[PDB]
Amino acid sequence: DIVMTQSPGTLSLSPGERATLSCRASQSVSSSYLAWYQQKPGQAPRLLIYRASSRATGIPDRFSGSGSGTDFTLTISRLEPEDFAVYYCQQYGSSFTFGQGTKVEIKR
């Protein structure tokens, strides 16, 4: 029932730039139970953040999650070549629902 919406649809950036990704829930997310995933082309998703701000093991410091209530943010302080991918948010405060994804692609 909780609808998750991500903005923007696509970010076109050069390596080294900062990326700020937004995720909005239609209802407040209980316990700030919000996760972020990275999905590279042709690969399975990879957990980046859980509980809105906790980094998963092995995730570099340049990734940070923040926010609460309905509005959440994933920040990549400096894009590395391996960071160009699709990013998804997922709430688990009430059942399990994903955002539609934000594509971070190399600027050409």
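Don't overthink the numbering: it's just position in the shown sequence, from 1.
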**Prompt:** Got a sec? Mean C-alpha B-factor, which is higher, 67 to 75 or 41 to 49?
**Reply:** 41 to 49
**Prompt:** Averaging C-alpha B-factors over each stretch, which comes out higher, 54 to 62 or 28 to 36?
**Reply:** 54 to 62
**Prompt:** Can you tell me which of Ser94, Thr20, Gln100, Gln90 has the highest Cα temperature factor in the record?
**Reply:** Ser94
**Request:** Give the position of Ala85 by CA B-factor within its chain, expressed as the lowest, middle or highest third.
**Result:** middle
